[PDB]
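1. Any chance you could fold what I've pasted below:
(2 chains)
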Amino acid sequence: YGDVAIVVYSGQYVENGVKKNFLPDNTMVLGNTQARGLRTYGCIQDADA
Amino acid sequence: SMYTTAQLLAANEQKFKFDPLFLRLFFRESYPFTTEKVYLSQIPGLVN
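-> Residues are numbered from 1 along each chain as shown, chains lettered A, B, ... in the order given. Let me share the structure:
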C-alpha cells in the first residue's frame, strides 16, 4: 500500500477450554520490520541441571 | 385390413440433466470392507 507493507494476523491460543485471539477486536500496529527484539532466557532453578 | 400409410421421420429420446460433481470432486477413494461395521476415529488437538 504505497510504501507500507500490509499484513493481516489472526492467531489463536487456547486456554482453559476455549480458544482466544491474540490481537484485540479491531486494532492496528504501526511498526518497523527492522526493529530490534531481544530473546532473553533466564537461569534454571532445579538441582539436576 | 387397413390401407392408410405412415412414415417415421425422427424419434428422439428426452433425458434429464444429471452430473455427479460432489461425488467426483471430494469422494475420490473407495474402500470396500468385508466386515459388518466400520470404525472412524477422531482425536482432539487442543492444549492449555
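
2. Which phi and psi values does residue A:18 adopt?
-> phi -110, psi 160 (degrees, to the nearest 10).

3. how close does it sit to residue A:12?
-> Using Cβ to Cβ, to the nearest Å, residue A:18 is found at 10 Å from residue A:12. Using the backbone N, CA and C atoms, a C-beta is placed for each residue, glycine as well.

4. shared neighbours, those two?
-> Jointly contacting residue A:18 and residue A:12 under the rule Cβ atoms under 8 Å, 6 or more residues apart in numbering or on different chains is no residue at all.

5. what's near enough to touch the closest residue to chain A within chain B?
-> Going by Cβ to the nearest Cβ, chain A is nearest to residue B:46 of chain B, at 5.0 Å. If you count contacts by Cβ under 8 Å, 6+ apart, residue B:46 has them with A:14, A:19.

6. what's the distance between the residue nearest the centre of chain B and residue B:41?
-> Ranked by distance to the mean C-alpha position of chain B (Cα atoms, centre = their mean), the top residue is residue B:20 at 5.8 Å. Using Cβ to Cβ, we find residue B:20 at a distance of 28 Å from residue B:41.

7. what do you get for residue B:1?
-> Note on residue B:1: its distance to residue B:41, by Cβ to Cβ, is 76 Å.

8. Pop out the phi and psi values for residue A:14.
-> Residue torsions, per degrees, to the nearest 10, at residue A:14 are phi -110, psi 130.

9. ok, now residue B:36?
-> Phi and psi for residue B:36, reported as degrees, to the nearest 10, are phi -90, psi -30.

10. where does chain B come near chain A, residue by residue?
-> Remark: the part of chain B in contact with chain A comprises B:46, B:47, B:48, using Cβ under 8 Å from any Cβ of the partner chain.

11. and the second one, what does it touch?
-> Read that as residue B:47. So residue B:47 contacts residue A:14 (Cβ under 8 Å, 6+ apart).

12. count of neighbours near residue A:28?
-> Using other Cβ atoms under 10 Å in any protein chain shown, residue A:28 has 6 other residues around it.

13. Quickly note the distance from it to residue B:7.
-> Noted for residue A:28: a distance of 80 Å to residue B:7, by Cβ to Cβ.

14. Let me see the contact set for the spatially most central residue of chain A.
-> In chain A, the residue lying closest to the centroid (Cα atoms, centre = their mean) is residue A:22, at 7.4 Å. Contacts here follow Cβ under 8 Å, 6+ apart; on that basis residue A:22 touches A:9, A:11, A:12, A:13.

15. Alright, calling it a day.
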